[PDB]
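*Asks:*
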């Protein structure tokens, strides 16, 4: 057929011309799928071989069934990503190859209970939660430091301020760092259509500060849209589990002290003011250590400031080279 | 470890 070859050539030329266009946005998957094995891809053999929880950068538009995008991997080329509706269709295709999907079982009972698939056998039901396969995460993952104690106490503030200064100095002219005074742990997406749309309603949420949290959410989203690296200095993070189910999914950076004895003698080195809160500092430290390593993205366990600095610098250099 | 975790933590916010 000439039409399929013509559309193949048109898509290839469009990709070649749009390889050097500004990036539009980014998304993150949560399902295991490959973009090359599908027959509906407009270009065969040049699909995306992604897995669960991967990041894609989209630049231009194709149709309601596919988009054009690249991976955040180093050297990743341009491929086609199935659309939200297309992914829903392929997911329905995933749960149709089985013998049955609805209520009528096939346990040696054929010919009596036909039971045509009701609304319970389609995607119409199961809307109690309805977790979307695709989520619009920020284009650049925010960098956040956690540990080794509560934010707002001398040891943690200095052990994070030194790293913040190193990041600012090493990446000067290519990084923006801002302190997020407002709360961030409530970065929800599916609470309601608009909780507190107006501040003059004088409601429970209208008079609250939740709208500030959401506004900071779009502020972070638009700053990540700028493609420059972002580092957060919000003093309301003490465990990645508090910001793991949200849409941001920030790069969790852990600075850990090797032993509780070292941490508490460090705390003793400050004075009586921190001796007063030493108890809660130790409690938060042990709770955060009990968090498993796979929860975090990078670890900083070296006792030398420098070694940790070049460790973080190398990781962010890899990220920068990967997304360009 | 204490030597590296005492000077470095007391120079930033400090």
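Residue numbers (the UniProt record's numbering), protein chains in the order written: chain W, 38 to 361; chain B, 434 to 447. C-beta atoms are modelled at their ideal positions from N, C-alpha and C, and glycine is treated no differently.
Can you give me the C-alpha to C-alpha distance between residue 183(W) and residue 271(W), rounded to a whole angstrom?
*Replies:* In the first chain, residue 183(W) corresponds to position 146, counting from 1. In the first chain, residue 271(W) corresponds to position 234, counting from 1. Straight-line Cα distance between these residues: approximately 10 Å.
*Asks:* Under 9 Å Cβ-Cβ, which residues of chain B neighbour residue 294(W)?
*Replies:* Mapped onto the first chain, residue 294(W) falls at position 257. Within 9 Å Cβ-Cβ: 434, 438.
*Asks:* Tell whether a beta-carbon distance below 9 Å holds between residue 116(W) and residue 80(W).
*Replies:* Mapped onto the first chain, residue 116(W) falls at position 79. Mapped onto the first chain, residue 80(W) falls at position 43. The answer is yes: Cβ separation under 9 Å.
*Asks:* Tell me which residue opens and which closes the alpha helix (DSSP H) that residue 437(B) is part of.
*Replies:* As a working note, residue 437(B) is residue 4 in the second chain. For residue 437(B), the uninterrupted alpha helix (DSSP H) run begins and ends at 435–440, by DSSP.
*Asks:* With a threshold of 8 Å on Cβ separation, who are the neighbours of residue 68(W) within its own chain once the five nearest residues in sequence on each side are excluded?
*Replies:* Start at 1 with the first residue of the first chain, and residue 68(W) comes out as number 31. Counting only Cβ-Cβ distances below 8 Å, and skipping sequence neighbours, we find 89, 124, 128, 170.
*Asks:* Using a C-beta to C-beta distance shorter than 7 Å, which residues of chain B count as neighbours of residue 341(W)?
*Replies:* By 1-based counting over the first chain, the position of residue 341(W) is 304. Close to residue 341(W), with beta-carbon spacing below 7 Å, are these residues of chain B in chain order: 437.
*Asks:* Under a three-way DSSP split, which group does residue 172(W) fall into?
*Replies:* For the purposes of this step, residue 172(W) is taken as the residue at position 135 of the first chain. Residue state, collapsed to three classes: strand.
*Asks:* At a Cβ cut of 7 Å, what residues of the stretch 193–204 of chain W count as close to chain B, listed as they run along the chain?
*Replies:* 194, 195, 196, 198, 199, 202
*Asks:* Output the residue ranges of the alpha helix (DSSP H) runs that lie fully inside the stretch 153–234 of chain W and measure 4 residues or longer, sorted by chain position.
*Replies:* 191–207
*Asks:* Using C-beta distances below 8 Å, list every residue in its chain close to residue 187(W), excluding the 5 sequence neighbours before and after it, in chain order.
*Replies:* Taking the first chain and counting its residues from 1, the one referred to as residue 187(W) is at position 150. For residue 187(W), where only same-chain residues beyond five positions count, the Cβ hits under 8 Å are 193, 275, 314, 317, 318, 321.
*Asks:* To the nearest angstrom, report how far apart residue 179(W) and residue 159(W) are at their CA atoms.
*Replies:* Locating residue 179(W) in the first chain gives position 142, counting from the first residue. Locating residue 159(W) in the first chain gives position 122, counting from the first residue. Each residue's Cα considered, the two are about 38 Å apart.
*Asks:* Taking its Cβ as the centre, do 16 or more other Cβ atoms sit within 10 Å of residue 218(W), making it buried, or is it exposed?
*Replies:* The residue given as residue 218(W) occupies position 181 in the first chain. The residue is exposed, with fewer than 16 neighbouring Cβ atoms inside 10 Å.
*Asks:* Going by beta carbon distance, what residues of the same chain come within less than 6 Å of residue 350(W), once the five residues before and after it are set aside?
*Replies:* As a working mapping, residue 350(W) is identified with position 313 in the first chain. Excluding sequence neighbours, residue 350(W) sits near 207.
*Asks:* Check the Cβ-Cβ distances between residue 306(W) and every residue of chain B, and say whether any is below 9 Å.
*Replies:* Locating residue 306(W) in the first chain gives position 269, where the first residue counts as 1. Yes, residue 306(W) counts as interfacial toward chain B.
*Asks:* Please name the residue in 63(W), 354(W), 234(W) whose C-alpha comes closest to that of residue 172(W).
*Replies:* The sequence position of residue 172(W) within the first chain is 135, counting from 1. Selected option, being the one with the closest Cα: 63(W).
*Asks:* Less than 9 Å separating the beta-carbons of residue 13(W) and residue 263(W)?
*Replies:* Chain W is shown from 38 up to 361; residue 13(W) falls before or after that span and cannot be answered.
*Asks:* Which chain B residues are close to residue 191(W), counting only those with a beta carbon under 9 Å from its beta carbon?
*Replies:* Locating residue 191(W) in the first chain gives position 154, where the first residue counts as 1. By Cβ distance, chain B contributes 442, 443, 446, 447.
*Asks:* Output, in sequence order along the chain, the residues in the stretch 203–232 of chain W whose CB is closer than 7 Å to any CB in chain B.
*Replies:* none
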